[PDB]
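Engineer: Residue numbers (the entry's author numbering), protein chains in the order written: chain B, 2 to 323, 330 to 369; chain VH, 2 to 85.
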Amino acid sequence: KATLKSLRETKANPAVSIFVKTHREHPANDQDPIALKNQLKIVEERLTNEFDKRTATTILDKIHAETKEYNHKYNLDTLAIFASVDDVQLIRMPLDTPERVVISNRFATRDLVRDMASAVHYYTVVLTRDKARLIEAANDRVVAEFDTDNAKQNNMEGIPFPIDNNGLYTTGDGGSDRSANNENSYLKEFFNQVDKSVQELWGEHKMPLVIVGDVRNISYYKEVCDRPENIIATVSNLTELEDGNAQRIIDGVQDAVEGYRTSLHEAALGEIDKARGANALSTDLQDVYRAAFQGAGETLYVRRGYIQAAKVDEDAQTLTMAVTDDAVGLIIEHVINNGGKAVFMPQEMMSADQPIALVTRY
Amino acid sequence: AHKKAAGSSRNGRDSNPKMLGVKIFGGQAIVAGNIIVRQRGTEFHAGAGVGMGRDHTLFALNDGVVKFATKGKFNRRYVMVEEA
RNA sequence: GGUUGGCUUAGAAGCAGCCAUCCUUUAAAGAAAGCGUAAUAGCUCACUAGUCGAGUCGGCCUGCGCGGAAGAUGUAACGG
RNA sequence: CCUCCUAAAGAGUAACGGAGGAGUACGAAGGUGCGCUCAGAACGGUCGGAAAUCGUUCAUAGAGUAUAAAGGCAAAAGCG
RNA sequence: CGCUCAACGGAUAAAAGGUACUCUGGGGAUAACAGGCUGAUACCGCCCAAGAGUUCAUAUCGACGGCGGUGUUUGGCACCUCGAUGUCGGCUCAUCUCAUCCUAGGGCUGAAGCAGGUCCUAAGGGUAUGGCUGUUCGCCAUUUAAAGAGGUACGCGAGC
RNA sequence: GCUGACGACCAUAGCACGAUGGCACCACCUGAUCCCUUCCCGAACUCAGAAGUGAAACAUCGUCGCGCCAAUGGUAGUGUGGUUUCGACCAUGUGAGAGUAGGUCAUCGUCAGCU
RNA sequence: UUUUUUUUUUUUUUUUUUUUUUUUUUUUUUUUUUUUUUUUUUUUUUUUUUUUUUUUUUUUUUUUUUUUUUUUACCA
RNA sequence: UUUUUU
RNA sequence: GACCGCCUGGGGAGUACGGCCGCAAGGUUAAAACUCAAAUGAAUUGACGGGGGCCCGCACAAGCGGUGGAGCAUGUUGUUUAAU
RNA sequence: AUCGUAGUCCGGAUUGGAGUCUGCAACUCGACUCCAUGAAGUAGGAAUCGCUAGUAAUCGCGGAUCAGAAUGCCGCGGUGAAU
RNA sequence: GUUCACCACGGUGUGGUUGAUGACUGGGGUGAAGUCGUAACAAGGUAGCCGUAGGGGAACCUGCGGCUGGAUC
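1. Is it buried or exposed, residue 361(B), if we count other Cβ atoms within 10 angstroms and call 16 or more buried?
2. Quick one: Cα of residue 84(B) to Cα of residue 211(B), how far?
3. Going by beta carbon distance, what residues of the same chain come within less than 6 Å of residue 266(B), once the five residues before and after it are set aside?
4. When the distance is taken between beta carbons, is residue 282(B) closer than 9 Å to residue 349(B)?
5. Around the C-beta of residue 255(B), are 16 or more other C-beta atoms found within 10 angstroms, so that it is buried, or is it exposed?
6. List the residues that DSSP assigns as beta-bridge partners of residue 187(B).
7. Mapping DSSP to helix, strand and coil, what is residue 121(B)?
8. Tell me, please, whether the CB atom of residue 196(B) is closer than 9 Å to any CB atom in chain VH?
9. Taking 9 Å as the threshold (beta carbon to beta carbon), is residue 227(B) in contact with chain VH?
10. Does DSSP classify residue 329(B) as helix, strand or coil?
11. Going by the DSSP bridge assignment, what does residue 312(B) pair with across the sheet?
12. Within 9 Å of any Cβ in chain VH, is that where the Cβ of residue 172(B) sits?
13. Once you ignore the five residues that flank residue 299(B) on each side, which residues in its own chain have a CB closer than 6 Å to its CB?
14. What alpha helix (DSSP H) runs, 4 residues minimum, are completely inside the region 236-317 of chain B?
15. Within 10 angstroms of the Cβ of residue 161(B), are there 16 or more other Cβ atoms? Answer buried if so, exposed if not.
16. With respect to the alpha helix (DSSP H) encompassing residue 336(B), which residues constitute its N-terminal and C-terminal limits?
17. Please decide whether residue 165(B) counts as near chain VH, where near means a Cβ-Cβ distance under 9 Å.
18. Kindly list the residues whose CB is nearer than 7 Å to the CB of residue 51(VH), restricted to its own chain and excluding five residues on each side of it in sequence; keep chain order.
19. Which residue marks the beginning of the beta strand (DSSP E) containing residue 136(B), and which one marks its end?
20. Taking only three categories from DSSP, how would you classify residue 59(VH)?
21. Check residue 32(VH) in the structure and name its three-state DSSP category.
22. Would you mind listing the alpha helix (DSSP H) stretches within the region 145-204 of chain B that are 4+ residues and don't spill past its ends, in chain order?
23. For residue 216(B), report the span of its alpha helix (DSSP H) as first-last.
24. Taking 9 Å as the cut-off, decide whether the C-beta atoms of residue 129(B) and residue 166(B) are in contact.
25. Would you kindly work out how many angstroms separate the C-alpha atoms of residue 208(B) and residue 124(B), rounded to a whole number?
26. In whole angstroms, what separates the C-alpha of residue 109(B) from that of residue 258(B)?
27. Are the CB atoms of residue 61(B) and residue 48(B) nearer to each other than 9 Å?
28. Check residue 128(B) in the structure and name its three-state DSSP category.
29. Does any C-beta atom of chain B lie closer than 9 Å to the C-beta of residue 2(VH)?
30. Drop a sphere of 10 angstroms on the beta-carbon of residue 27(B), count the other beta-carbons inside from all chains shown, and report buried for 16 or more, exposed for fewer.
31. When you compare the CB positions of residue 9(B) and residue 332(B), do they come within less than 9 Å of one another, or not?
32. Looking at the structure shown, is residue 46(B) part of a helix, part of a strand, or coil, going by DSSP?
33. Identify which residue in 4(VH), 6(VH), 77(VH) has its Cα closest to the Cα of residue 42(VH).
34. Taking any Cβ of chain VH, which residues in the region 54-68 of chain B have a Cβ under 9 Å from it, in chain order?
35. 9 Å is my cut-off, CB to CB: does residue 188(B) come that close to chain VH?
36. Does any residue of chain VH have a CB that is nearer than 9 Å to the CB of residue 176(B)?
Here it is as structure tokens:
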């Protein structure tokens, strides 16, 4: 059970979630073993205090049997351990979380939820005066390259990718002269055909696209695009457009992808304001928890690191200030479980005085 | 040539005509040696009064009138030269 | 009126969707043809009774019409 | 140069039209007389099977024809 | 008897190139420009309505498909011109279209207001200056009510 | 009346199923010395014969199960002249294929033999 | 685009003539070594890019596609 | 002649 | 005893920068930050040497018979198991 | 005496059947006996081991443990080298 | 009062010195059971080292001269 679709459904007791700040490079990862030891120390002490020593010992030996072969030279940003009385699942995440221990019925999966909510799937259109390429990219990896062996190009009414610019002027025949200065018009029409192929492929999937290429090529394409509202980013400082591989292109578009995610988080503020005006936004922790538990909330807006402990009972729907170690984690779990959405807004865009908001369904 | 479509498929050959078919039709006068049918195989068979060459050419063995008929158990087309 | 049909779903109460179209007071009233609600609520409809009083309703085919119908010197797409 | 189609039921008929072959082979794979009949399927049978050879029953040819294709082929033009 | 004389009616037994240093005779019989025909492609519009739009096809957008209009991109053709129709851009000077960029009048709106979004009417006026590059364009800086899309031999070299 | 040989014709003549035939004829049949056969085999071909049987084959007869043949009418196409919205339509002349009703268990000639 | 060159074991390379798959490096197991190299013994190992086609039999013969190299893609 | 390392 | 030269932990470093010299290669004069609690000399006892000398042991050499290949016994690994 | 170089009159694993003992109890999982079967194996690659005389090599015989269950262990003698 | 002389402010130009910064780049140091080798210490398996020159992924190798701070002789 290494996935979010299994952690939320393994409802053990006690369910122990341990988070360790790890490092990818040396000697920063030199203190990763010590951090792991300290987190397991507090885990053992709390488990003995809250439960029996036998159930602390079985859990800790199970964690140790899996962490004894851990290589700390291959650590990502966070090491998450999900331990039970019977199973232990440890996963490495490129997300940064604050080191903590959560002992509850369910596994603390708000970091997995945030990582999945930050997911961006997009197209990369790589332009050149000589060719066009199309890549499908998920977050920071290439999904596919759109070459000859693909299903999405089987039944195509346009030129399939990779598209060569075999214009009559490029080969030197066809009925045109260089003294006519038609080259810009030729580039515009070639990019128009490229956009035709892009739209044909996009109609079956409908994801935002990033335009990569020279500034002039991007210009011509933007003026020629049939659906220019779906364009979310343009990068003109990416190198080796014709020979570099898809992973290299996706590596080079990551700054623009992050800027796009930031723009989405900025846009979320307007919807929060609309809910506040319509009287459908709850910002108190008690009200937010009650609405989330009774399934009244459609969107949650957390401040990306707003952990809070409280006394929560699901009988009178009360939340008194400190117990549950992550009351915000419980709110996120209820919102997700009742078919809602969770948005983890950045700190510089959501105030620390009001770090949680809930757009309710009524 | 934008979609890579137009390409090599070389077949511009054909043989010369052979000028086959029926030369003398039914009921016509014919003199011995006159060719009646030029054919590939026995599309028509030589009945009485007409012979067949090595290329299945049907020719008149004697003077008379050309007759076409379907006859025999195979329902074969036969050409005859009747002494009329 | 059973009844918020059962399921599903945060909620699914005639009316997101999936599976039946049953019964009762009936002159009549769909386990509902629409609007509406987060869901209920609410407003209509189908249907029935009353008023009035004579013709009326909806499909099919056929003829001729209407819209669809924006361009560059000047009407400028009956030669006038 | 040959075969089919284009080619409009005699012949012929074009395109940088659509499809394929040839630049050989054979003293028998020629002549004649005589004789014979194929492919497949099912059933039975040592190795032996989906398929070898053997036996039986259906079988106008679904085979063969030195070779491309077309037209032919039981009097076989097929096979000894 | 001796030919891949295979460019197969076989020019000689015997044979490759370059020319922006060029030249002659011809051709609009035949290409490059611009016109014409055409409209595949393009652009614009419309039809259906799966879906997105928290609910809700049709505020807004419109998958799979369908039907047109324009001449307007990329093309196709080779009709005009080879006893010559000067090419791109700039400058100057324009003229028209409307598929309207601003200003004017509206309907709908997921139109509280301020701002918009769409579509209808509307062509009277108006509709930047610069940096880069030969550029048209494009990007960028700073503006503006706005910095429209086009046709005019991609207007205009017997005007530069 | 039946049988055999050779033909016309080439499914309305065929297939399938059932019945009848052994005095002539035919067919199986007997044998393999001889003629002649077998890439082995008297299977077939061949010869010498009549102990048996019409079993098979064959011939005839019966039928409609299959096949095959097949109208009438209409439709499609089409030559000529005209029109056209390029689909077609009109006049005139032709006129299928498929399908339907229906038909079919052939019809003849020469010669020989038994009755 | 076009004309040529080809695509085979883990890799990089040999075939091939219609009747078959190759070295080398690996890889696996042994052995030597205190232990690893090196070294020495054993082994394993190919839809012969794919797809139609011909043949009794095709990696091989035809045809197509697809990667690979090259070489060209000119005149206004 | 050819003995690398820990 | 006279006069002169030089040193002041190991690195960084006889390096950088600036002068001067040089055709050049470079030479010469000559820092700092930073970093480490060492870096060194001589001798001692061992151990080791693809150093030397002397010597022993089935260590080799000289031989005899095996193990490694087969089946089986037994032990171990690995695997498999509820456990092995 | 016989076998006469053969996968055999070599080898005796594996399997089928029938039994005897010990033991409460022989399926997992005993040892022997009998009959039948008759497997690999024809001298063993790289490599590697023991032995200097009553030794190696070979041949049998005892004992401990032990109800039963040695090809192991611990001993005993016989024959008896090569270098 | 005017005028001249001296002169502070302030101005112009052109240099010097020096602080902080700067894409990139050179070496130094620190940090893990990383990769490549094995140059030195024994004659370290080619004695090592000094100057110099050439060469090389890297320790380094090679030539010329010098030293012993070289074992075996």
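The beta-carbon is built from N, C-alpha and C at its ideal position, and this holds for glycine as well.
Structural biologist: Let me lay it out:
1. Under this definition residue 361(B) is an exposed residue.
2. 41 Å
3. Correct list, in chain order: 352, 353, 356.
4. no
5. Exposed: under 16 other Cβ atoms inside 10 Å.
6. Looking at the DSSP assignment, residue 187(B) forms no beta bridge with any residue, so it has no partner.
7. Note: residue 121(B) maps to coil in three-state DSSP.
8. Taking Cβ atoms only, chain VH never reaches closer than 9 Å to residue 196(B), which makes this a no.
9. No, because no Cβ of chain VH sits closer than 9 Å to the Cβ of residue 227(B).
10. Coordinates for residue 329(B) are absent; the numbering of chain B skips from 323 straight to 330.
11. 321(B)
12. yes
13. 347, 366, 368
14. 247-253, 255-279, 286-294
15. buried
16. Run containing residue 336(B): 334-344, per the alpha helix (DSSP H) assignment.
17. Chain VH has a Cβ within less than 9 Å of the Cβ of residue 165(B).
18. 37, 59, 60, 61, 62, 80, 81, 82
19. 132-139
20. DSSP places residue 59(VH) in the strand class (E or B) of the three-state scheme.
21. coil
22. Segments of the alpha helix (DSSP H) lying fully in the region 145-204 of chain B: 169-172, 184-203.
23. For residue 216(B), the uninterrupted alpha helix (DSSP H) run begins and ends at 216-225, by DSSP.
24. yes
25. Roughly 7 Å separates the two Cα atoms.
26. 28 Å
27. It is a contact, given that the beta carbons lie within the stated cut-off.
28. strand
29. Chain B contact via Cβ: present.
30. exposed
31. no
32. helix
33. 77(VH)
34. none
35. Residue 188(B) is outside the set of residues whose beta carbon lies under 9 Å from a beta carbon in chain VH.
36. Taking Cβ atoms only, chain VH never reaches closer than 9 Å to residue 176(B), which makes this a no.
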